[PDB]
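>>> sequence? don't have it. structure:
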Ligand SMILES: C[C@H](NC(=O)[C@@H](N)Cc1ccccc1)C(=O)O
Ligand SMILES: [Mg+2]
Ligand code: NI
């Protein structure tokens, strides 16, 4: 299994990131906000998990929204 990681960046608005997580993944507002704050406070956070092919899509969707996203195998 793989995971998609979003990395903190100095340009994107906190409010925008919360919205992007809801729009792209259907997450609730408390869930999206929690992930956004984890990124901002820890520098990164797993935002989704699944097969390598599934995470490839999530990364591409996040890049199109302007967020710093990568994927890696889950240990
Ligand atoms: C402009 C400022 N944005 C931020 O401080 C960034 N770092 C917030 C963020 C959170 C998660 C991922 C990427 C960026 C703001 O006032 O919102
Ligand atoms: Mg980012
Ligand atoms: Ni910040």
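The structure has been received and is ready for your questions. Numbering: from 1, shown residues only. Ligands and ions are numbered 1, 2, ... in the order given.
>>> So is the helix or strand hosting residue 62 next to ligand 2?
Per DSSP states H and E: residue 62 is located in helix 52-64. No. For helix 52-64, no contact with ligand 2 is found by C-beta under 5 Å from the ion; the gap never falls below 7.7 Å. All C-beta spots, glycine's among them, are computed from the backbone N, C-alpha and C.
>>> Run through the strands of this protein in chain order.
2-7, 44-50, 68-73 (DSSP state E).
>>> would you turn the ones you listed into TSV with distance to ligand 1 and mean neighbour count?
Listed next are these as TSV, based on distance: least, C-beta to the nearest ligand atom, whole Å; neighbours: other C-beta atoms under 10 Å:
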stretch	distance to ligand 1	mean neighbour count
strand 2-7	6	20
strand 44-50	8	18
strand 68-73	7	16
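>>> Of those, which is nearest residue 17?
Evaluated with C-beta to C-beta, the strands of the chain place strand 2-7 nearest to residue 17, the distance being 7.5 Å.
>>> what packs against that closest one?
helix 29-42, strand 44-50, helix 52-64, strand 68-73 (3 or more C-beta pairs under 8 Å, 6 or more residues apart in numbering; DSSP states H and E).
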